[PDB]
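Participant: Let me begin by handing over the structure; questions about it come next.
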Amino acid sequence: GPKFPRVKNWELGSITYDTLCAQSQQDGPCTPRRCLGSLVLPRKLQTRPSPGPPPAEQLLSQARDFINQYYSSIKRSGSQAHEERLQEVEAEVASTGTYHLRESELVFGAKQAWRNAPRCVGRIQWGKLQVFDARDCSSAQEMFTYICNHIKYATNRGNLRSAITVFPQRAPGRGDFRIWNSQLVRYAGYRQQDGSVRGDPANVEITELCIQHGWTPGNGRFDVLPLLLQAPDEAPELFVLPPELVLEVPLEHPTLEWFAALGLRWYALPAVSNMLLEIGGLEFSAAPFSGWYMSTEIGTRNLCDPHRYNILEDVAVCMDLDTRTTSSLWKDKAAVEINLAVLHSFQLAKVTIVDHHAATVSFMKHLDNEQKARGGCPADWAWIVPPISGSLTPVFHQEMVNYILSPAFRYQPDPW
Amino acid sequence: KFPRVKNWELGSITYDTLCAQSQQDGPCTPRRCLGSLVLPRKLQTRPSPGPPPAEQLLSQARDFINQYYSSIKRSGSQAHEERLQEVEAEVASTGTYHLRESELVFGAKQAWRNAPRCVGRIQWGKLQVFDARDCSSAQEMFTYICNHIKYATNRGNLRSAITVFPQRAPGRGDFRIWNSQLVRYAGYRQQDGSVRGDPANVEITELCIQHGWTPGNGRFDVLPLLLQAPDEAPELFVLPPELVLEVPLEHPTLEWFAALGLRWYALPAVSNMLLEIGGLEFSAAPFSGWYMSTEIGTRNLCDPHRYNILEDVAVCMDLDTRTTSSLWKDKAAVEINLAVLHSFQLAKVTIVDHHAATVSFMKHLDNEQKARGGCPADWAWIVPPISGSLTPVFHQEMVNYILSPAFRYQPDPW
Ligand code: HEM
Ligand code: HEM
Ligand SMILES: N=C(N)SCCc1ccc(CCSC(=N)N)cc1
Ligand SMILES: N=C(N)SCCc1ccc(CCSC(=N)N)cc1
Ligand SMILES: C[C@H](O)[C@H](O)[C@H]1CNc2nc(N)[nH]c(=O)c2N1
Ligand SMILES: C[C@H](O)[C@H](O)[C@H]1CNc2nc(N)[nH]c(=O)c2N1
Ligand SMILES: [Zn+2]
């Protein structure tokens, strides 16, 4: 039949063909010889620092494709404005080597980038994104102001709103605008004498970096790290987020009264700050974006991963489970309660959150929408299926095709 | 290039060089990844009415023979040289060849070892191989299958086994076991499209009935086998009840669980896959091991398109099924898997939970890294259907590719 990947849902027995992948312009890490789909960072997308200006020919092509996408989205392909805009970009790249996006083009691209994110399960919200333009930002201090406004607007006292702030694009031979921290909010990770870690092991390097740069460290398990902001060609400056702006939620269990005595907690705003936003060839090295948490991110990965807070054993001991034998499923039990505690605490504190069931169901709806609107949807199965109760959610039974579409959010090397 | 493989829990890194030995193409291409897909668009195993290209076959044959003699440290030896000459002599004159029992045994084990979707390959070296190539009828197939079942079951102390029927032959029909497993519970369609029993077995249940089987009306009615000898209509055979060991399900603390009347069989044995060794194809080669609890507790009993018992268990547990956020599904799932483990251990029947199982697979990855320079694994199938990140394999990157000997899917005979 159709000359495109046949995709099946084994629960409902339904079939679809992905024709959108034909639009992919960039190769992933797989080949007919072997599948590398489970690799977190295959060295492909990896936007490695490419200092010297990019091949005008290369950029022009990416730029024309994007502009075509833009005019198509407003239903004006082939129009005079479309052709003139095309001429304008080529002219500009011709005389300066690069070009700039109009306001509405940036907004469209930011949303398309989210829309094209293979690893995001919250894409049903893609059309609703507050885009803060900060391409005028000229200092590390101004980056801090912008970021604070982002946090304030997105947190909105617990009624979270998706948002993104776009700082100046990478320029010919000039320094990049960078946010060193992987997220706007991160708990410190203190390397101990015995070799262990206090706080979040995931943040040991950035914590040591903040210290090397003048931050006086605390000794808690949930210390909010300061931000290391870097304006072009300048060393990074240290900024401490005003406590009132970082909304947190103490964690308690709905029936296990002792859980609250554990003193656990998590922050409300999930905001990635280390990714690169690419649109029509243009590269925005600093463009933090945020939505709202899916309970398993906090309850399963952050709190239960071996290399994170690793609280599984502590919680099992409290539930008086048999932690000496795997077959007691003590790990599974503690994990469920820990996750329930996150959903409970967030609801109580009236902070936005979505469980893995609700989330995946909404993603199934998103897949339907996209099948009709674009003939497919790039999705990374391993990342879409939740870390717990995998086959209990609908996405587990849904085959998925993964591929790279631009605009996109890509990983980028650490500035240090 | 050789892929860098990382374990995000430990920080350890390795390089898979084994993938370089892959000679068969997968579904992926640089433009898009199709690793989450269950079946090949065609990778399958097309008909065999004509002889396979002498060149190709001979190529796969030499490779396999080389593999074998290497395994017994007798490479380049006299036997190795003469064995190669035999194979060539036979292919050249008949367009095919046959394997020696020892080679077949080596092939079966290698196929299991190369199976990317198998999480219990640490056991790959311990496999009882029943040579059934001297089988000429459905009736004989049935006797072989009964012995395999008696042996494998071993009164609850399961032993991994495989039975190999005649290889496919040019222009002649294949020997085939129509059922997907040697033990399957009937799935009866009735009234309003609903199904009594196992929905996954509706079609096969219907084929059996059409071939004279007197259907039952239960949720767990053990189906009969439809064994097919070359170019002949399949034959119906009922398995002796005392042979099909089953485990009644109860819960360690929840008294009411047993009242649900749930049960599952002890022997997981695939009988619809094809075994390929050195170019030769074995369309009927049933193999069995022992169950990992999540297969029964999570997929078979909880899949929405299977027994789908989640809600029932939830209501019995008096959970809040009004909303997703109460995690009633996750809670019932855990109790159901516990019950499965409890019940099998009570019945003294082999079973492995998903934690122990994935821990052993990790040791296997290590054993293989040192033994072959890598290990083909399918991450989507290796990670358990519940508590994914709570097991070590979730945090382990994997490379997937096709090595031979190999187990492959093949078209349904009807
Ligand atoms: C509205 C709520 C949203 C939810 C519930 C949601 C949920 C998720 C989840 C569960 C992940 C995986 C997190 C992990 O495993 O570490 C993710 C990844 C991702 N999301 Fe969304 N998302 C939302 C909003 C957004 C927004 C606004 C953007 C972009 C403008 C976005 C872009 C991405 C990207 C690019 C990734 C992958 C990043 C990486 O590879 O580390 N998401 N999202
Ligand atoms: C000793 C105990 C064994 C255990 C615990 C084990 C476990 C598993 C599990 C959990 C799966 C996935 C099942 C599913 O989700 O449907 C699997 C798949 C598979 N196993 Fe093993 N296995 C064992 C023995 C064997 C043996 C003896 C063979 C063959 C000689 C084998 C061949 C395979 C193959 C080919 C697959 C993929 C089947 C398919 O794609 O349908 N396994 N195994
Ligand atoms: N994840 C959500 N529920 S809202 C979307 C914004 C967001 C995406 C991904 C992460 C995980 C860290 S991945 C990284 N920092 N590159 C955190 C925050
Ligand atoms: N599964 C084990 N624990 S032992 C290995 C033998 C085995 C593998 C897979 C299945 C499931 C059906 S897959 C299919 N029929 N192709 C059944 C039996
Ligand atoms: C090795 C493996 O790719 C890795 O552990 C992946 C699996 N799936 C994931 N899925 C999500 N959402 N987030 C992750 O960080 C991961 N990690
Ligand atoms: C669509 C998706 O590939 C499918 O549901 C897969 C996922 N992982 C699996 N893993 C195992 N072990 N067994 C399966 O049947 C599946 N099904
Ligand atoms: Zn792939």
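Along the chain as shown, residues are numbered 1 onward.
Cβ coordinates come from backbone N, Cα and C, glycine included.
The Zn(2+) binding site annotation in Swiss-Prot covers B:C28, B:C33 and is backed by similarity to another entry. The (6R)-L-erythro-5,6,7,8-tetrahydrobiopterin binding site annotation in Swiss-Prot covers B:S36, B:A380, B:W381, B:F394. What Swiss-Prot records for B:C118, B:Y409 is heme b binding site. Under the heading L-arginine binding site, Swiss-Prot lists B:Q181, B:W290, B:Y291, B:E295, B:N300, citing similarity to another entry as support. Feature annotation from Swiss-Prot assigns phosphoserine to B:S48.
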Participant: Whole number in angstrom, please: the longest C-alpha to C-alpha distance across B:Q181, B:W290, B:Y291, B:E295, B:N300 for L-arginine.
Facilitator: 15
Participant: Nearest to B:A380 ((6R)-L-erythro-5,6,7,8-tetrahydrobiopterin binding site) by Cα, among B:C28, B:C118, B:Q181, B:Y291, B:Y409 (binding-site residues)?
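Facilitator: Going through B:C28, B:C118, B:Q181, B:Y291, B:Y409 one by one, the closest to B:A380 ((6R)-L-erythro-5,6,7,8-tetrahydrobiopterin binding site) is B:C118.
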Participant: Recorded positions B:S48, B:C118, B:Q181, B:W290, B:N300: which have a Cα within 10 Å of B:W381 ((6R)-L-erythro-5,6,7,8-tetrahydrobiopterin binding site)?
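Facilitator: The recorded positions close to B:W381 ((6R)-L-erythro-5,6,7,8-tetrahydrobiopterin binding site) (Cα within 10 Å), listed in sequence order, are B:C118.
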Participant: Work out how many Å separate B:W290 (L-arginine binding site) and B:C118 (heme b binding site) at their Cα atoms, rounded off.
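Facilitator: Just about 12 Å between their Cα atoms.
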Participant: Could you round the CA separation between B:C28 (Zn(2+) binding site) and B:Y291 (L-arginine binding site) to a whole angstrom and send it over?
Facilitator: 30
Participant: Checking interface proximity: list the recorded positions among B:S48, B:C118, B:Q181, B:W290, B:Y409 whose CB sits under 8 Å from a chain A CB, in sequence order.
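Facilitator: So none of them sit by chain A.
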Participant: Looking at the binding-site residues B:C33, B:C118, B:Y409, which has the shortest Cα distance to B:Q181 (L-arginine binding site)?
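Facilitator: The answer is B:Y409.
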Participant: Among B:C28, B:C33, B:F394, the binding-site residues in the record, which have a C-beta under 6 A from ligand 5?
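Facilitator: Among B:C28, B:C33, B:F394, near ligand 5: B:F394.
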Participant: State the count of C-beta atoms found within 10 angstroms of the C-beta of B:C118 (heme b binding site), not counting that atom itself.
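Facilitator: Around B:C118 (heme b binding site), other Cβ atoms within 10 Å: 21.
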Participant: For a Cβ distance below 6 Å to any atom of ligand 6, name the binding-site residues from B:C33, B:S36, B:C118, B:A380, B:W381, B:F394 that qualify, or say none.
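Facilitator: Cβ < 6 Å from ligand 6, in sequence order: B:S36, B:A380, B:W381.
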Participant: Counting only other Cβ atoms and using a 10 Å cut-off, which of the binding-site residues B:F394, B:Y409 scores lowest?
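Facilitator: Looking at the binding-site residues B:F394, B:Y409, the Cβ with the fewest others within 10 Å is that of B:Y409.
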Participant: Please find, for B:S36, B:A380, B:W381, B:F394 as listed binding (6R)-L-erythro-5,6,7,8-tetrahydrobiopterin, the greatest distance between any two Cα atoms, in Å.
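Facilitator: Value for the max Cα separation, rounded to a whole number: 15 Å.
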Participant: Going by DSSP, give the three-state secondary structure for B:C33 (Zn(2+) binding site).
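Facilitator: Going by the DSSP assignment, B:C33 (Zn(2+) binding site) falls within a strand, counted as strand.
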Participant: Scan B:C28, B:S36, B:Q181, B:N300, B:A380, B:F394 for binding-site residues whose C-beta lands under 6 Å from an atom of ligand 2 and note them, or write none.
Facilitator: none
Participant: Given B:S36, B:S48, B:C118, B:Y291, B:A380, B:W381 as the recorded positions, which ones have a Cβ positioned under 6 Å from some atom of ligand 4?
Facilitator: B:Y291
Participant: Please list the binding-site residues from B:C28, B:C33, B:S36, B:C118, B:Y291, B:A380 whose Cβ falls under 6 Å of any atom in ligand 7.
Facilitator: B:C28, B:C33
Participant: I'd like the Cβ neighbour count for B:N300 (L-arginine binding site), meaning other Cβ atoms within 10 Å of its Cβ, all protein chains included.
Facilitator: 18
